[PDB]
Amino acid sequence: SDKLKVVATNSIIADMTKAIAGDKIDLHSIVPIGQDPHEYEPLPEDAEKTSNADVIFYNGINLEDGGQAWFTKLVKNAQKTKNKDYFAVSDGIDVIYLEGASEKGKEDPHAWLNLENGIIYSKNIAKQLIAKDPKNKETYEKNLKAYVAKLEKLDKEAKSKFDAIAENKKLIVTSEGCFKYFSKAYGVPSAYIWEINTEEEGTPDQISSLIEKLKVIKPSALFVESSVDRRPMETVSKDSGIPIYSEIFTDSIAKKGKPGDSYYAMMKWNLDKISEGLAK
């Protein structure tokens, strides 16, 4: 029973962790592939794994950790301590808030869509793996170094990826307003149906607001995330006449064995599909 026991809240963080740790650790990821990680009801296995974990990684910044959110209840019930047992892998990023907001609690969580934040998350993960499992420091550091270099290369690709697309075609449209960090990092504005995942997601007024916007700046493609109900964007597509070009990966990686089945793979998929769809 000597491997470090690690719990990650979702498949993106779990995949980054795997990239650093390989088979050195026993890793459990809570939110199933393709499920919303903002609001999830942990299963009996999840609570057991969390209680028995040596280290727990979560996104923070208002993904799963609001005062009434699922992860907060989870670690509370598991009697765990912040920055001893559980660590927000977003610590250190430049935080972007939900529109019009600036206060703690109203962060936009979707930082990993800027690859430079994926690097910060990875560095944070490696920092705690080394702190808690020093015997494997060599492996963690070696894997971190290779992984950061690979993410850096994709980041450079992302910075050029949309250069051939006319400014009046550059709008990424997704269901959730989850692209703020990508839009900032890579110079492609984004629009959405609802601003962050919550309990209602897809009022007629939200759909109408998006449809109206799509008349002013009219992209050649819409996109749909792998982790949301598609029906609202299908309505948007029907009403605008703009096709859904591809599924993309925002709040989850793809299922294992399918394209996009890692953080690196899902971001490469997004860059390819989004640039290809918008260039039509």
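When you see a residue number, it is the position in the sequence shown, counting from 1.
The stretch with the higher mean CA B factor, choosing between 173-181 and 128-136, is 128-136. When the mean C-alpha temperature factors of 198-206 and 116-124 are read from the deposited coordinates, 198-206 comes out higher. Which of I96, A88, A158, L74 has the largest Cα B-factor in the deposited entry comes down to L74. As recorded in the entry, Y40 carries the highest CA temperature factor of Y245, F57, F249, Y40. Among all modelled residues in its chain, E45 ranks in the highest third by Cα B-factor. In this PDB entry, the Cα temperature factor of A166 sits in the middle third of its chain's modelled residues. For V188, the recorded CA B-factor ranks within the middle third of the chain. Only modelled residues enter the ranking.
In this PDB entry, the Cα temperature factor of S237 sits in the middle third of its chain's modelled residues. In the deposited entry, the Cα temperature factor of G100 places it in the middle third of its chain's modelled residues.
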